[PDB]
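Taking it in order: structure first as structure tokens, then the write-up.
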Amino acid sequence: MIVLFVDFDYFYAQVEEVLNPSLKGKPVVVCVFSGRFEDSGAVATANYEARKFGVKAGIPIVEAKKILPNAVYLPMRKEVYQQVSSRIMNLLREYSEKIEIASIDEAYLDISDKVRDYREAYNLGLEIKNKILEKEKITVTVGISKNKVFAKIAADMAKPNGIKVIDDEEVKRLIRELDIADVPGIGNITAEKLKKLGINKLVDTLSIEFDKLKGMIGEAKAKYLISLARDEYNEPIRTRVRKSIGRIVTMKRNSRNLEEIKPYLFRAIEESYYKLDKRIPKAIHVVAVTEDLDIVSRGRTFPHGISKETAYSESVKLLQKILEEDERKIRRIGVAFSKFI
DNA sequence: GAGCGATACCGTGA
DNA sequence: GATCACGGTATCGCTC
Ligand SMILES: Nc1ncnc2c1ncn2[C@H]1C[C@H](O)[C@@H](COP(=O)(O)OP(=O)(O)OP(=O)(O)O)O1
Ligand SMILES: [Ca+2]
Ligand SMILES: [Ca+2]
């Protein structure tokens with residue numbers, strides 16, 4: 001088909017800009033402060049101005065305070081970013097009935113029925129870029145290509161504020177010339193098992209025994225990467241359905257004292273039942289991050305919806321079950337509700 | 001041998 | 001010093 005990918009530029013930071021235009025140009029850094037000491041947390045994202053000296057998503061707010069003592073450091077209002085995403089999403093529904101809202105920030109259109117080629121597609125790309133900018137003053141990148149994977153990759157080259165097609169000739173080029181670490185879904189641990197195998201391009205994955213791939217990365221990515229290289233990949237745009245919802249919070253001190261921890265855990269459950277709104281989970285899992293940073297979870301499915309009072313009682317039993325089965329101290333604790341009715 | 005639920009793992013910031 | 005949120009998958013024991 002023809003997929004159009006849209007991805008909002010430096011999204012949290014851009015929305016901050018738009019809600020107070022004085023920040024434009026100045027370096028802006030949206031943070032997740034965790035409240036264990038001064039500026040304890042992580043950098044959610046940062047406009048490109050600030051991104052120039054080292055301050056990217058995921059690194060600590062202290063290491064970020066080093067590189068730019070003088071930047072503007074805002075707290076993250078995810079609820080705000082959501083509300084304005086929702087709208088941009090709604091604007092994109094007037095350009096195709098077939099839409100995959102992939103995240104708060106990304107969405108794919110199956111526009112094969114709305115145009116006939118890549119130049120007509122592309123000129124849509126501008127129609128849409130121009131619409132979002134007029135209606136909401138956000139700028140976005142657009143990736144156009146024959147499937148969802150290569151349309152994400154078109155965009156991840158052209159950003160920031162860009163647009164790029166990948167005609168079938170260019171696709172042929174990249175299965176050969178593109179590095180496998182720049183494939184959607186190939187992160188660090190796997191790019192390594194692939195260097196450790198001589199595969200450094202997609203096309204390289206065809207001329208190897210398939211169980212050799214299967215053995216290393218699993219039948220899933222094996223079959224994923226192969227189809228991509230045989231150009232036989234083709235996955236349809238489909239609306240996603242939230243399958244889980246939860247909240248993990250951080251504790252001012254570590255601990256394995258059940259009564260010190262309970263307050264944090266009941267808080268994760270209120271923030272969770274508010275996010276749930278009208279949805280009735282049948283499954284609950286308690287989730288401890290250890291002080292080692294490994295992640296542990298205990299769970300229980302019921303044959304019926306979970307009242308909050310239930311969530312409270314089961315949550316505390318699932319926690320005790322975690323304290324017996326593991327001795328480490330716990331740093332962060334939260335819950336996660338799934339299997340909605 | 002495979003189906004199914006619990007849990008851990010990886011990814012991606014989809 | 002390491003947030004938070006979440007989907008999709010592999011692995012492990014029970015089970016038929
Ligand atoms: N480690 C992270 N932790 C928390 N939030 C993140 C993280 N990474 C990305 N995000 C959030 C904030 C982003 O504005 C938003 C979109 O992710 P992504 O599109 O890759 O980042 P971005 O919009 O800031 O940069 P880009 O311009 O490359 O798209 O998701
Ligand atoms: Ca993105
Ligand atoms: Ca983005």
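Convention: chains lettered A, B, ... in structure tokens order; per-chain residue numbering from 1; ligands numbered from 1 as shown.
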*Hey, what's within 7 Å of residue A:13 if we count only C-alpha atoms (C1' of nucleotides) and toss same-chain stuff fewer than 4 positions away? As a list in words, please?*
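Everything that qualifies: residues 17, 28, 29, 30, 45, 46 and 47 of chain A.
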_Using only C-alpha atoms (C1' of nucleotides), which protein or nucleic acid residues come within 12 Å of residue C:14? Drop anything in the same chain fewer than 5 positions from it, and give the result as number ranges by chain._
B: 3-6
_Those in stretch 46-283 of chain A with strand (DSSP E) from DSSP, as a count of residues only_ = 37
Report as a PDB file with C-alpha atoms (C1' of nucleotides), in the first residue's frame which protein, DNA and RNA residues come within 8 Å of ligand 2, using only C-alpha atoms (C1' of nucleotides) and all ligand atoms.
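And here is the file that came out, out.pdb:
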```
ATOM      1  CA  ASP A   7       5.719  12.102  13.993  1.00  0.00           C
ATOM      2  CA  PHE A   8       5.493  15.306  16.056  1.00  0.00           C
ATOM      3  CA  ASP A 105       3.369  11.322  19.122  1.00  0.00           C
ATOM      4  CA  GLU A 106       3.106   9.075  16.044  1.00  0.00           C
ATOM      5  CA  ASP A 156      13.427   9.197  11.145  1.00  0.00           C
TER       6      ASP A 156
ATOM      7  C1'  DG B  13      10.485   5.639  23.272  1.00  0.00           C
ATOM      8  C1'  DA B  14       6.874   1.608  18.250  1.00  0.00           C
TER       9       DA B  14
END
```
*Write out as a PyMOL selection string each polymer residue (protein, DNA or RNA) that has an atom no more than 10 Å from ligand 1, with only C-alpha atoms (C1' of nucleotides) and all ligand atoms counted.*
(chain A and resi 6-15+29-32+42-48+51+56-59+76+78+81+103-106+139-141+155-157+159-161) or (chain B and resi 12-14) or (chain C and resi 3-5)
*DSSP helix (DSSP H, G or I) residues within stretch 20-179 of chain A, listed as a ChimeraX atom specification*: /A:21-23,48-51,61-67,78-95,118-136,148-158,168-177
_Contacts of residue B:8 within 12 Å, only C-alpha atoms (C1' of nucleotides), excl. fewer than 3 positions in-chain, as a ChimeraX atom specification_ = /A:287,294-298 /C:9-12
*Select residues of chain A: the criterion is any atom within 7 Å of an atom of chain B, counting only C-alpha atoms (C1' of nucleotides); output as a ChimeraX atom specification.*
/A:102,185,187
Next, write the just-selected residues to a file, as a PDB file, in the first residue's frame, keeping C-alpha atoms as the atom set.
```pdb
ATOM      1  CA  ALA A 102       0.862   4.383  17.357  1.00  0.00           C
ATOM      2  CA  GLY A 185      12.675  -3.003  16.589  1.00  0.00           C
ATOM      3  CA  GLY A 187      17.816  -2.212  19.666  1.00  0.00           C
TER       4      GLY A 187
END
```
*asked:* Distance cut-off 9 Å, counting only C-alpha atoms (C1' of nucleotides) - which residues of chain A neighbour chain C? Return them as a ChimeraX atom specification.
replied: /A:31-34,40-44,58-63,218,220,242-250,293
